[PDB]
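J.: Residue numbers (the authors' numbering), protein chains in the order written: chain e, 17 to 214; chain u, 2 to 33; chain l, 2 to 123; chain h, 3 to 132; chain q, 50 to 97.
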Amino acid sequence: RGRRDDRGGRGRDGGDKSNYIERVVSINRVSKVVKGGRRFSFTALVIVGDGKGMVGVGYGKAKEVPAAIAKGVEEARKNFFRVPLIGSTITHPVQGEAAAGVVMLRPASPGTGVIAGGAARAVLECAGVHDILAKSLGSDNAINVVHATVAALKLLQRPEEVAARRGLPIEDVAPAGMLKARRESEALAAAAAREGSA
Amino acid sequence: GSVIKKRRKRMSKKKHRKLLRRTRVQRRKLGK
Amino acid sequence: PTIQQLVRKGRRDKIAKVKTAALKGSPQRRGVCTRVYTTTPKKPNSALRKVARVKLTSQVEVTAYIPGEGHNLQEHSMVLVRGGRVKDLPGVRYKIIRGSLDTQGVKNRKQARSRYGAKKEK
Amino acid sequence: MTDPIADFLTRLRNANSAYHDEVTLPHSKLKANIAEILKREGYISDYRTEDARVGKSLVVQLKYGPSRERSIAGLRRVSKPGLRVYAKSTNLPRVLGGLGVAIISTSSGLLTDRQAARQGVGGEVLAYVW
Amino acid sequence: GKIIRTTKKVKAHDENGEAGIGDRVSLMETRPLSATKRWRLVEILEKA
RNA sequence: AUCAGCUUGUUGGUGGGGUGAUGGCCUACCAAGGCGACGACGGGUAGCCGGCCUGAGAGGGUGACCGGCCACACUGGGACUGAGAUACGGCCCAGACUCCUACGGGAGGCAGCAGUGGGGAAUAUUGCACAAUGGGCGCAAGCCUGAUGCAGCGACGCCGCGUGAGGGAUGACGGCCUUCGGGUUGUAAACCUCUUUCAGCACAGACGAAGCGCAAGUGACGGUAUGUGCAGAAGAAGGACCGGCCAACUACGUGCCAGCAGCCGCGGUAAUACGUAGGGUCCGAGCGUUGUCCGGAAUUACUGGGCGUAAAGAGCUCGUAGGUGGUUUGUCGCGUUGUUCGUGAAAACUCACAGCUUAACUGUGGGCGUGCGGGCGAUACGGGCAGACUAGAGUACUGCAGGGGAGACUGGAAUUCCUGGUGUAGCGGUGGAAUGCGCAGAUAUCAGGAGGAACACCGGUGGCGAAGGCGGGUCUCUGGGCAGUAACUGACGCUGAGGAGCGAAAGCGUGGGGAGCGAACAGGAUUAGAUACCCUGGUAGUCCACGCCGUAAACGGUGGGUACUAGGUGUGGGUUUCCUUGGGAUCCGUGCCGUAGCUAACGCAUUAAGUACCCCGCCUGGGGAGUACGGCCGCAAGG
RNA sequence: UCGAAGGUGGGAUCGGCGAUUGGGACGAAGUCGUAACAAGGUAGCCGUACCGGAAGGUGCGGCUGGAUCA
Numbered sequence: 017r018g019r020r021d022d023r024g025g026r027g028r029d030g031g032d033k034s035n036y037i038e039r040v041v042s043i044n045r046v047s048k049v050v051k052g053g054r055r056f057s058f059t060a061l062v063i064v065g066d067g068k069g070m071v072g073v074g075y076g077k078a079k080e081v082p083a084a085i086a087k088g089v090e091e092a093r094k095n096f097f098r099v100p101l102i103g104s105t106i107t108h109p110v111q112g113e114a115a116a117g118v119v120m121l122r123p124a125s126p127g128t129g130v131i132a133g134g135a136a137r138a139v140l141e142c143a144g145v146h147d148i149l150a151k152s153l154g155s156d157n158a159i160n161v162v163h164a165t166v167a168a169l170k171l172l173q174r175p176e177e178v179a180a181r182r183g184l185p186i187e188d189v190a191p192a193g194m195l196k197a198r199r200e201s202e203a204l205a206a207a208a209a210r211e212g213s214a
Numbered sequence: 002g003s004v005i006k007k008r009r010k011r012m013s014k015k016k017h018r019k020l021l022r023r024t025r026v027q028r029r030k031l032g033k
Numbered sequence: 002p003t004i005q006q007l008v009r010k011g012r013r014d015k016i017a018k019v020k021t022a023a024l025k026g027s028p029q030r031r032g033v034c035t036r037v038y039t040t041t042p043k044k045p046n047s048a049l050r051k052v053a054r055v056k057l058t059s060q061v062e063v064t065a066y067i068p069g070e071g072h073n074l075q076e077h078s079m080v081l082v083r084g085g086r087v088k089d090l091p092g093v094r095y096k097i098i099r100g101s102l103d104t105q106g107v108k109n110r111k112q113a114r115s116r117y118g119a120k121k122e123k
Numbered sequence: 003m004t005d006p007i008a009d010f011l012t013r014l015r016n017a018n019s020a021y022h023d024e025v026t027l028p029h030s031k032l033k034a035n036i037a038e039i040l041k042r043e044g045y046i047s048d049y050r051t052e053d054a055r056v057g058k059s060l061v062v063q064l065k066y067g068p069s070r071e072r073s074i075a076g077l078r079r080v081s082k083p084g085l086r087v088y089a090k091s092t093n094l095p096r097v098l099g100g101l102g103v104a105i106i107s108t109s110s111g112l113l114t115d116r117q118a119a120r121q122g123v124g125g126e127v128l129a130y131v132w
Numbered sequence: 050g051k052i053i054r055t056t057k058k059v060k061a062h063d064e065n066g067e068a069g070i071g072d073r074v075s076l077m078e079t080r081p082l083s084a085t086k087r088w089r090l091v092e093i094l095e096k097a
């Protein structure tokens, strides 16, 4: 990924809507032996997302690096994924496993900061979280820890969803501090939203 | 798995057996 | 595993794995140097490495490496051996301090300057 | 047969994982109290106690959602024989951030984590379900 | 956290020989009555 | 436990003795215990703690300062004095050492504060005061105090401040790159105002003392801290690093050299990795290196790991301690839990506040002190005791299947030899041959005899056994399994550290037996050469009796038990409902395919590698090495 | 009576050195072969025994982590 700063007198750079947040995690040239030598190709693990908390995971195969990055962008574009939150935190401590990828995603009080390793830091920095506390146990990789983090975010659910599963009136599903954090986060959603209307 | 591990182990074992052939006598008498 | 099996006996750490046997848990030891011969490393790295084997005060017989361009030390110099690591010659894991009790600092060394012991230009 | 309740919750994880409608069990007192707690929190739908070969039996129907999806998202026996886990009042261990619940058998009977918090008594855990 | 069952072979003092093997005796701490006989037993509960 | 037994004042009793006090503390007698796989007795190392460091915590490391206990005072014994003794600057004795001696005999004791030598990578002055606080004696004054208070020394640590500020160009001199245009150093510099902490020189000069004192004075630190003045940018910056991780790049110089490096790895005349230069980055009175510890390391996994093939399931069972325990009524309150009392010194730690120009620092008030003991309460769960139950477990009864085992007797086909026929020159063997047996009568064929071993066909993805393993037949003795009824007992269950037993083949001992096969051992051939394959011969062995040994890819590479989790189709054992042998249902077994789920993947998949509980074994990078040393078993090989 | 040191005695146990010797690790490159990986040119491996300059070879039983398919 070099020589991107450019000014063209051509038709268009085609800049348009959906200015999302896009992170390229790792690139390892992938070789293939054929008759008389090696054929080098490229893999780019592409994370895309918006600051609401919708995450994509794309996996680009091409024999050029920006081609593989662009194919990962289109593949994560094809496949988004909804993550439920509280304010800008996570709901409750989970462990995700993608066959060797263990990631523990635990919430924290706000202000602490996204503390995670670089793959999980990528998937969570694209997402709508600002203050959680994760760790990547096992598998020491990028692909399995990204995919394990997304499986960990599939083990998430709303407080309300849990209440619904059990047919119980909330209050009765959460404890009270987390309901107060719901009041804080929806209150600042009201403040920034009504400042957004004017 | 592979048989290479098995064969390294067995090389050690063989060498040792031989070493006890040749020193058999000597170990008996030097020990007695 | 089967927690009563850990109540019986289990779960101890492995081994301290001591790095240097200079002695005493001491950072550098002065030493009488003998036979300052120059050696040949492993196969991807071919050169002549300027080692000297040193009898540390701690009574042990070791073999240290002399960093820098040349060594002021001849037979029977009082060199101050610290512990290091040189991959390249097997069994030599100690480095002689340059700019010390006997072995003078490296001359015209102008950039590295703390290692190799070169004093500042007047 | 070494742990009764592990076979109970084990049979609920298997019958929950394999999309079953009901499940049948050897009835006992402690399984009746756990079945009554999982009634009162709504993780199971309802249980009925039959007479059968020699003893009574516990037939639990499981509560599913708007399609085939499950309400009990897991069980885990923690106060297991061999490491029976005890809990003072300071912390009735919170489960799944509070969204899960903790079946805690205090001196007043069998309670949940929240009931062990407000009523001011602790003294066990048992399995906690989310 | 394993609740370990442990034993303790204390030594104890019967003046009247009221206890025998297998009994459920009480105990109470005393002055050091000899070299490790630091217990005397009152109100023996059950005999064998 | 590569240390399994130790102990004879040793274990208890009585009478004395001793002590401030209980007591094998001591003694006489009597009794003969006591302590140990919850590790006794031995070996190694070590002062212990409040704490400190690290860590999300759990934990790991450590025991410097400060504080609390303990032990010792040249080495080793002993008492005396005294309210109280390891009696550091006491005594007595014996040692080792230093010293004085008129040679008769004496003297010493820095592990007090300084200080010297030595050892060492390394650790300070032979300081000043009792003004303050503590201590002693004294009616008091007062005297003593290397405790203490302070000072000196070392960037040894932690914190604070300084080495100037503001202006200043289409950006000078110089430097080094360059695409030869220029670009960087660089607003930085020179210059122009301004301000001076801190060092400098002046003069003033403390608090610490609501103190002591009956004397009139008294502060070691100290003319220090600190004030108010004067002069002037005036006296004040360095060290590492710039391949990757990991903020930061260019040229020149050497071109597998000289060197670098924490790991990966850089040097073979165009190195952003070596050396020098510019330039950048990061820190800053410091900055790098080495050592030691925690972290990252979920890499000893309680929290928080594993064992089909990656390291890892004992060859297989039986069973001692141990761990663990179905249904249900009562009782106890040992585990658990609630509450209150006591305690966890101070300091530290954390929160707030106050004090020093700020901070480090210090103080005040909370919390912490995760614990332990006493009182009172609760009884679900665990446990104890006392009971009850029949589903687990075992027994009885009726059957049923089977190379389960041992002993005994016996059967035929085939190979070899033997005697006798019939009968001739080849047979045997090979990729092709030759050693070899023959021509003395072989191989071939017929009749008879000996002797040994193995059991064609049935017989296979089939049966039985715990695992090894088990197939000619019959008889004798004996072991287990399965189903059916439910007659009995009433939780008697599960696992099982050590332990005993069984355990292919090879091998070992003593005595038999010895047909075939056959290591070793010959010859032949092949080959460069065969100490090999292939050929001809061939001893131990293979066989039986009696014992050893204890190993295997002893493999399902899968410890044992239990409950549950879509199915489909074979086959083995047995019960029953229906058609009337055919299907159904059921309990036990063994295969092939297959969902869910699981796995690193292959795969597994109701006979789990799925979901859970109980107990055991075992793993912690590869070699070194299942080896040395030591012990145990063994006739030895060896385990 | 007890009793420190001293003396005599025979042992335990921890080490240091020892001529010679066994193996082990590394070295580049030397000599000798070619055992293993493809049916590796005789399928490989386990146990054990015997033999051989060496890798190894053979026997007895086992195993697929074996092959092509009579």
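Heads up, the beta-carbon is just placed ideally off N, CA and C, and yes, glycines get one too.
1. Consider the Cβ of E43 (chain h): report whether some Cβ of chain e lies at a distance smaller than 8 Å.
2. Classify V25 (chain h) as helix, strand or coil using the three-state DSSP reduction.
3. Which value, in whole angstroms, describes the spacing of the CA atoms of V161 (chain e) and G69 (chain l)?
4. Give the interface partners of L85 (chain h) over in chain q, defined as CB-CB distance under 8 Å, in chain order.
5. Do we get a CB-CB distance below 8 Å when we pair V99 (chain e) with the residues of chain h?
6. Measuring only the C-alpha atoms, how far is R181 (chain e) from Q173 (chain e)?
7. Please report the Cβ distance between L61 (chain e) and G88 (chain e), rounded to the nearest whole angstrom; I am assuming they are in contact, meaning their Cβ atoms lie under 8 Å.
8. Is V50 (chain e) close to chain h? Criterion is C-beta to C-beta, closer than 8 Å.
9. For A114 (chain e) and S91 (chain h), what's the separation of their Cα atoms in angstroms?
10. Strictly below 7 Å CB to CB, what residues from chain h border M120 (chain e)?
11. Taking all protein chains shown into account, decide if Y130 (chain h) is buried (16 or more other Cβ within 10 angstroms of its Cβ) or exposed.
12. Ignore the nearest five residues each way along the sequence and tell me which others in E71 (chain h)'s own chain have a CB closer than 6 Å to its CB.
13. At 3 residues or longer, and completely inside the stretch 43-95 of chain e: list those beta strand (DSSP E) runs for me, N to C.
14. Could you compute how far the alpha carbon of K6 (chain u) sits from the alpha carbon of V49 (chain e)?
15. Can you name the residues that DSSP bridges to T64 (chain l)?
16. Skipping 5 residues on each side, what residues in its chain have a beta carbon closer than 8 Å to that of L76 (chain q)?
17. Can you tell me whether DSSP reads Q105 (chain l) as helix, strand or coil?
18. Enumerate, from N- to C-terminal direction, the unbroken beta strand (DSSP E) stretches of 3 or more residues contained entirely within the stretch 26-78 of chain h.
19. Cα separation between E43 (chain h) and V189 (chain e)?
20. Give the residues from the stretch 156-181 of chain e that approach chain h closer than 7 Å (Cβ to any Cβ), ordered along the chain.
21. Does the Cβ of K121 (chain l) have 16 or more other Cβ atoms within 10 Å, making it buried, or fewer, making it exposed?
22. Count Cβ pairs between the stretch 114-124 of chain h and the stretch 58-74 of chain h that sit closer than 8 Å; are there 3 or more?
23. Spatial neighbours of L98 (chain h) within its chain, please: C-beta separation below 8 Å, excluding the five flanking residues on both sides.
24. Assign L64 (chain h) to buried or exposed, taking buried as 16 or more other Cβ atoms, counted over all protein chains shown, within 10 Å of its Cβ.
25. Establish whether the CB of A190 (chain e) and some CB of chain h are separated by less than 8 Å.
26. Give the single residue among e:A136, e:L169 and e:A205 whose Cα lies nearest to the Cα of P109 (chain e).
27. Report the rounded CA-to-CA distance for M12 (chain u) versus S57 (chain e), giving the unit in angstroms.
28. Return no unless some Cβ of chain e is closer than 8 Å to the Cβ of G99 (chain h).
29. Find the nearest neighbour of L102 (chain l) within the set l:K20, l:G118, l:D89 and l:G92, judged by alpha-carbon distance.
30. Along the chain, which unbroken stretches of the alpha helix (DSSP H) at least 4 residues long are found entirely within the stretch 130-181 of chain e?
T.: So, to answer that:
1. Along the fourth sequence, read from residue 1 onward, the residue named residue 43 (chain h) stands at position 41. For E43 (chain h), the nearest CB of chain e lies under 8 Å from its own CB, placing it at the interface with that chain.
2. As a first step, residue 25 (chain h) is located in the fourth sequence; it is residue number 23 there, counting from the start. Three-state DSSP puts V25 (chain h) in a strand.
3. Stepping through the first sequence from its first residue, residue 161 (chain e) is reached at position 145. Stepping through the third sequence from its first residue, residue 69 (chain l) is reached at position 68. Whole-angstrom Cα-Cα distance: 45 Å.
4. Start at 1 with the first residue of the fourth sequence, and residue 85 (chain h) comes out as number 83. Those within 8 Å of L85 (chain h) in chain q are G50 and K51.
5. Translated into the one-based positions of the first sequence, residue 99 (chain e) becomes position 83. Cβ-Cβ to chain h under 8 Å: no for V99 (chain e).
6. For the purposes of this step, residue 181 (chain e) is taken as the residue at position 165 of the first sequence. For the purposes of this step, residue 173 (chain e) is taken as the residue at position 157 of the first sequence. Their Cα atoms are separated by approximately 11 Å.
7. For this step, residue 61 (chain e) is matched to residue 45 along the first sequence. For this step, residue 88 (chain e) is matched to residue 72 along the first sequence. At roughly 7 Å, the Cβ-Cβ gap stays under 8 Å, so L61 (chain e) and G88 (chain e) are in contact.
8. Walking along the first sequence from the start, residue 50 (chain e) turns up at place 34. No, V50 (chain e) does not count as interfacial toward chain h.
9. Translated into positions along the first sequence, residue 114 (chain e) becomes position 98. Translated into positions along the fourth sequence, residue 91 (chain h) becomes position 89. Their Cα atoms are separated by approximately 37 Å.
10. Within the first sequence, numbered from 1, the residue matching residue 120 (chain e) stands at position 104. At a C-beta separation below 7 Å, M120 (chain e) has no neighbours in chain h, since its nearest C-beta there lies roughly 13 Å away.
11. By 1-based counting over the fourth sequence, the position of residue 130 (chain h) is 128. Result: buried.
12. Locating residue 71 (chain h) in the fourth sequence gives position 69, counting from the first residue. For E71 (chain h), where only same-chain residues beyond five positions count, there are no Cβ hits under 6 Å.
13. The qualifying runs are 53-66 and 70-78.
14. Position 5 of the second sequence holds residue 6 (chain u). Position 33 of the first sequence holds residue 49 (chain e). Answer to the nearest angstrom: the Cα atoms are 28 Å apart.
15. Taking the third sequence and counting its residues from 1, one reaches residue 64 (chain l) at position 63. According to DSSP, residue pairing for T64 (chain l) in a beta bridge involves l:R54.
16. The residue you call residue 76 (chain q) lines up with position 27 of the fifth sequence. Excluding sequence neighbours, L76 (chain q) sits near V59, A61, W88, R89 and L90.
17. The sequence position of residue 105 (chain l) within the third sequence is 104, counting from 1. Note: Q105 (chain l) maps to coil in three-state DSSP.
18. Qualifying beta strand (DSSP E) stretches, in chain order: 46-53 and 58-64.
19. On the fourth sequence, position 41 is the one that residue 43 (chain h) refers to. On the first sequence, position 173 is the one that residue 189 (chain e) refers to. Approximately 9 Å, taken between the alpha carbons.
20. For the stretch 156-181 of chain e, which is checked against every Cβ of chain h, the residues closer than 7 Å are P175, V178 and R181.
21. As a working note, residue 121 (chain l) is residue 120 in the third sequence. Within 10 angstroms of the beta-carbon of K121 (chain l) lie fewer than 16 other beta-carbons, which makes it exposed.
22. No, the stretch 114-124 of chain h does not touch the stretch 58-74 of chain h.
23. Locating residue 98 (chain h) in the fourth sequence gives position 96, where the first residue counts as 1. If we look at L98 (chain h) and ignore the five residues flanking it on each side, its Cβ neighbours are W132.
24. Within the fourth sequence, residue 64 (chain h) is the residue found at index 62, counting from 1. Classification of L64 (chain h): buried, given that the 10 Å Cβ count is 16 or more.
25. Here residue 190 (chain e) corresponds to residue number 174 of the first sequence, with the count starting at 1. Yes, its Cβ sits closer than 8 Å to a Cβ of chain h.
26. Within the first sequence, residue 109 (chain e) is the residue found at index 93, counting from 1. The residue among e:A136, e:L169 and e:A205 with its C-alpha nearest the C-alpha of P109 (chain e) is e:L169.
27. Position 11 of the second sequence, counted from the first residue, corresponds to residue 12 (chain u). Position 41 of the first sequence, counted from the first residue, corresponds to residue 57 (chain e). Rounded to the nearest angstrom, the two C-alpha atoms are 43 Å apart.
28. Along the fourth sequence, read from residue 1 onward, the residue named residue 99 (chain h) stands at position 97. Closer than 8 Å: yes.
29. Mapped onto the third sequence, residue 102 (chain l) falls at position 101. For the residues l:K20, l:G118, l:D89 and l:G92, the minimum Cα distance to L102 (chain l) belongs to l:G118.
30. With a minimum length of 4 residues, the continuous alpha helix (DSSP H) runs that stay inside the stretch 130-181 of chain e are 134-142, 159-170 and 175-181.
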